[PDB]
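As a convention, Cβ positions derive from the backbone with ideal geometry for all residues, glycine included, and neighbour counts pool all protein chains shown. What is reported rests on the model, the rules as stated and the sources as named; nothing here is a laboratory result.
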Amino acid sequence: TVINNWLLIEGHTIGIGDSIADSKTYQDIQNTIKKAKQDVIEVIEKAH
Amino acid sequence: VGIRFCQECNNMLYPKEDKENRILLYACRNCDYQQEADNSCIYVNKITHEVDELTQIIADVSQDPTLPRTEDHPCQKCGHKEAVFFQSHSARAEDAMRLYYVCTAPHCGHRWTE
Ligand SMILES: [Zn+2]
Ligand SMILES: [Zn+2]
């Protein structure tokens, strides 16, 4: 009861602003993905 | 190794022993046709059996639109650049992911493996 009636003051939500990252993070993620795909390609070449 | 057939009944020739001249004779069970063989080996069993598919690869696979193509591997015979390639594409091939190549130039059909 106490926490609910206090939460009536602070509030809570979830949204796109909470699910969106920053440009630097997007660059990091894309770099990591490209490196991983390149490494998989290298492994396939060595196997062939 | 192979199967050889009698010329009279056209049945399989089983090996029969000639206990007089110490020689091998192939004889059938339908008629009395005899023969002398050149293999001199009744039975052969290889358990490795790592057959190179270059005998079993058809040259007609070059017309497949779903196969990858490369131009960094020119054909040994006709020097054509483009050459289709694929894997073993067969079972009982252990796990070898070796590539196989077929030249895409018509009537060349060169099938090698670097
Ligand atoms: Zn016969
Ligand atoms: Zn060729």
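Residues that are away from chain B (no Cβ under 14 Å) and closer than 30 Å to B:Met97 by Cβ: does region A:11-25 have at least one? I'd like the intermediate steps shown before the answer.
At the first step, the residues of region A:11-25 found to be away from chain B (no Cβ under 14 Å) are A:11-25.
Remaining after also requiring closer than 30 Å to B:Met97 by Cβ: none.
No, region A:11-25 contains no residue that is away from chain B (no Cβ under 14 Å) and closer than 30 Å to B:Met97 by Cβ.
Tell me, yes or no, whether region B:30-42 has at least one residue that is touching a residue at least 24 places away in the same chain (Cβ under 8 Å), of a type outside the set (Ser, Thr, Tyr), away from chain A (no Cβ under 14 Å) and within 16 Å of ligand 2 (Cβ to nearest atom). Show your work before the answer.
Of region B:30-42, the ones touching a residue at least 24 places away in the same chain (Cβ under 8 Å) are B:30-31, B:33, B:35, B:37, B:39, B:41-42.
Filter again for of a type outside the set (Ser, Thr, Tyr), leaving B:30-31, B:35, B:37, B:39, B:41-42.
Those left that are additionally away from chain A (no Cβ under 14 Å): B:30-31, B:35, B:37, B:39, B:41-42.
Then keep just the ones that are within 16 Å of ligand 2 (Cβ to nearest atom); that gives none.
No; the residues of region B:30-42 include none that is touching a residue at least 24 places away in the same chain (Cβ under 8 Å), of a type outside the set (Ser, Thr, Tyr), away from chain A (no Cβ under 14 Å) and within 16 Å of ligand 2 (Cβ to nearest atom).
Consider B:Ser62 carefully, then state whether it is more than 16 Å from ligand 2 (Cβ to nearest atom) and away from chain A (no Cβ under 14 Å). Break it down into steps so the answer makes sense when it comes.
On the way: more than 16 Å from ligand 2 (Cβ to nearest atom): no; away from chain A (no Cβ under 14 Å): yes.
So B:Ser62 does not fit the description; no.
Quick check on my filter: what residues within region B:90-105 are within 14 Å of chain A (Cβ to nearest Cβ) and of a type outside the set (A, V, I, L, M)?
Hits for region B:90-105 are B:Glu94, B:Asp95, B:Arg98, B:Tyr100, B:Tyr101.
Regarding region B:17-27, can at least one residue be identified that is more than 16 Å from ligand 1 (Cβ to nearest atom) and within 14 Å of another protein chain (Cβ to nearest Cβ)? Outline the logic, then answer.
In the first step, residues of region B:17-27 are kept if they are more than 16 Å from ligand 1 (Cβ to nearest atom); the result is B:17-24.
Filter once more, so that each one left must be within 14 Å of another protein chain (Cβ to nearest Cβ): none.
There is no residue in region B:17-27 that is more than 16 Å from ligand 1 (Cβ to nearest atom) and within 14 Å of another protein chain (Cβ to nearest Cβ).
Check every one of the strands (runs of 3 or more DSSP E) wholly within region B:1-97 and list those with 3 or more residues that are within 30 Å of A:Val43 (Cβ to Cβ) and in the same structural domain as B:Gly109 (by CATH). Can you show your working first?
Values: elements: B:14-18, B:23-27, B:83-86.
The strands (runs of 3 or more DSSP E) meeting that bar are B:83-86.
Which condition breaks for B:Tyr101 when tested against (1) at positive phi; (2) not in a loop (DSSP other than H, G, I, E, B)?
(1)
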